[PDB]
Amino acid sequence: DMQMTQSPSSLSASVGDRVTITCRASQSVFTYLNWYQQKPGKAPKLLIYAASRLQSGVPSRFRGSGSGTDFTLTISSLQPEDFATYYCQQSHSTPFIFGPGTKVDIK
Amino acid sequence: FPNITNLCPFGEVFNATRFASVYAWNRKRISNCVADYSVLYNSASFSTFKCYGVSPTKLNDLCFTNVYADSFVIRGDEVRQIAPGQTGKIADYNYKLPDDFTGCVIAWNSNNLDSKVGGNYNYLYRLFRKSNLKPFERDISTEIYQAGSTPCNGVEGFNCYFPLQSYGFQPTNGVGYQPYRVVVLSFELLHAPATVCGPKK
Amino acid sequence: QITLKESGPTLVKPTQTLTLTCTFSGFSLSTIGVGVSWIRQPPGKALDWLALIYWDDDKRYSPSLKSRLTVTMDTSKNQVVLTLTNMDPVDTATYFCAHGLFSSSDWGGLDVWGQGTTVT
């Protein structure tokens, strides 16, 4: 089977801080992993096409990294509008399961 | 040579959008046309152009009774099995060339077209059969295969199995497990009516 | 028009098919590599990937619903319809249809999403 988990089920953070989100993919997913953010009641927005591949229309503070089984996302310095819930997705094994999500808290 | 000028429809063979699964390998009776092979042989497009019973340099001078163009998609490490006197699940149960074959076995890596991010499974090969194929035998037969003495009765079970396996081409599988499109151009030489012809004047 | 999409009904009763639709513009969903995938989300919960259809009519489903879920298309209307066959209240969610690119050159990025619809 395939399973997908994210380590900080929620992370407290504050504006300007560095923050990092980490995904573990059970089987080797190579680079076929995506990152999405969601604002409540809106549709998710794709941020990362593939590990280290940043979208257009997304600011340079977002970047991600990793390969194979373990992957990471990093924001270099949070703007306050970056507070959201963040989902990984694997794009290789045929059910493209999302991770459990990780919400950043202003707290 | 005959008073004919139309070029060979190799465009419909090589650059065709959809190729057959090897278990149901396609065939076209290429006929009544001027076949320039140099444009193929000299191309960098192909990863092999090996030929049997003829030399790829010489055959632009030859004329033949027909060309059968056979085509299919197979694994990278299975390209070696498309040759006379070879063995393996493709040569035994999917596409058998005769010992006395004459022709060229063309292949090229088609991973850009025949794979998808979630894996492509439309390409299918017969893994099980009772007995090896005769040369150019073709059975599209879906009937379930029985391995044991126990009759299968049309239900998959511990010793009877559905005979076809999907190849499963992911873009990540590497050069040996990537898909290759194969074209086997086969010739026959004997007959008086030369019908596919070189570009000689 | 730049890539955009919408979705259908919201009223549900349990032992009924959900009979959603999705419709789109700015892509054909017949161009090589184009695919559209269905993603649901229970309120305040994770995303849950349901299904994907590719170009050339290849269909994929979440395994736990494969016996209970089908998706189908019309190349002419530019529509996709999803029919989950029987709602159990765990299936109450927002449902999304998202576009993506899925050929050998592509990455399966669900790059643009509809606003989705609640199912009651």
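What you see of chain B is 329-529, where the numbers are those given in Swiss-Prot.
Positions of Cβ are set from backbone N, Cα and C atoms, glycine also.
As recorded in Swiss-Prot:
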CARBOHYD  B:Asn331  N-linked glycosylation site
DOMAIN    B:334-527  domain 'BetaCoV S1-CTD'
DISULFID  B:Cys336-B:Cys361  disulfide bond
CARBOHYD  B:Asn343  N-linked glycosylation site
DISULFID  B:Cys379-B:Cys432  disulfide bond
DISULFID  B:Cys391-B:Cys525  disulfide bond
REGION    B:437-508  region 'Receptor-binding motif'
REGION    B:448-456  region 'Immunodominant HLA epitope recognized by the CD8+'
REGION    B:455-490  region 'Disordered'
DISULFID  B:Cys480-B:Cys488  disulfide bond
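Positions of the features from Swiss-Prot, shown on the structure.
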residue: B:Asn331; record: N-linked glycosylation site; CB count, 10 Å: 4
residue: B:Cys336; record: disulfide bond; CB count, 10 Å: 21
residue: B:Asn343; record: N-linked glycosylation site; CB count, 10 Å: 8
residue: B:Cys361; record: disulfide bond; CB count, 10 Å: 17
residue: B:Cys379; record: disulfide bond; CB count, 10 Å: 21
residue: B:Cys391; record: disulfide bond; CB count, 10 Å: 18
residue: B:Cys432; record: disulfide bond; CB count, 10 Å: 24
residue: B:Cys480; record: disulfide bond; CB count, 10 Å: 16
residue: B:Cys488; record: disulfide bond; CB count, 10 Å: 19
residue: B:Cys525; record: disulfide bond; CB count, 10 Å: 17
Three-state secondary structure, which DSSP defines for B:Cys480 (disulfide bond): coil
Whole-number Å value for how far B:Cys361 (disulfide bond) lies from B:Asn331 (N-linked glycosylation site) (Cα to Cα): 11
Structural state of B:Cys336 (disulfide bond), classified by DSSP into three states: coil
Alpha-carbon distance [B:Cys480 (disulfide bond); B:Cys432 (disulfide bond)] in Å: 41
The region 'Disordered' (B:455-490), counted residue by residue under DSSP: helix, strand, coil: 0 helix, 5 strand, 31 coil
B:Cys525 (disulfide bond) - helix vs strand vs coil (DSSP): strand
Alpha-carbon distance [B:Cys336 (disulfide bond); B:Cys525 (disulfide bond)] in Å: 9
